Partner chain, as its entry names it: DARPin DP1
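Just one chain is shown here, as structure tokens, and it is the form solved without its partner chain.
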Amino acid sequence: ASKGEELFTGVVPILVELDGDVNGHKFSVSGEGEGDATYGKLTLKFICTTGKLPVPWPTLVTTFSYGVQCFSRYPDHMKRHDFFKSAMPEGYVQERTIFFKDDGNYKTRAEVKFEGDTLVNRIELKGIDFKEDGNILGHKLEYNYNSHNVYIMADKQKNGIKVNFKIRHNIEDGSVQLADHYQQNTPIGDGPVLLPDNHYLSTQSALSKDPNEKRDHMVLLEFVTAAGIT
């Protein structure tokens, strides 16, 4: 019904690459998996290629995925509102500032585009102002994830979208660390893109470990479905 969709009818290979620096600590992670937009589902495995990840794995989930929202299932009646797939194959730039409450912040820039037959997400991250005793550099986060809604509005002026949401990360003492996300997506290409009416993406994630894997790693399963328009 609209072009770009067609790239996503089957199961699509995903490549994720991140280079980061948090308070001066540098690290890289690579990830691979597959996305099925028909079901609204992603499976990804991430490996820290530089040793042991210096921040908790859960703090990077939205950066890696929250990272490939072109795999969202859009119900037929709101397929006119799917910015993410409409920007493909050329892709889009995704930028965020993520504010951890009472702590530092991540600033990220990513490019999400087709390189051949695989969808690749290449990311740069800088984090600063983190306390060495805080929930993040202290590694007090539980290894798990909650459900969140991700709110989307068009930004007519940038030919893109603005996205806001707050992540609730469970701390191992029973409290919650809030992570306020501000996001901006703009097409890499020249062509028209679909600028949406306000809606949101219902997102669920589950984190596990491959018990055969000796590297520091995260396995991520995620289900994402668009909603909010009648």
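Positions refer to the first chain, counted from 1.
Here the subject shifts to the form deposited with its partner chain bound, a form of this protein not shown in this document.
When contacts are judged by a 4.5 Å heavy atom cut-off, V68 does not count as touching its partner chain in the deposited complex. Taking the partner from elsewhere, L42 is found to have a heavy atom lying within 4.5 Å of its partner chain in the deposited complex. The shortest heavy atom separation between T63 and its partner chain in the deposited complex exceeds 4.5 Å. Among heavy atoms of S205, some come within 4.5 Å of its partner chain in the deposited complex. Taking its partner chain as it sits in the deposited complex, the stretch 15-38 comes within 4.5 angstroms of it through a non-hydrogen atom at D36, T38.
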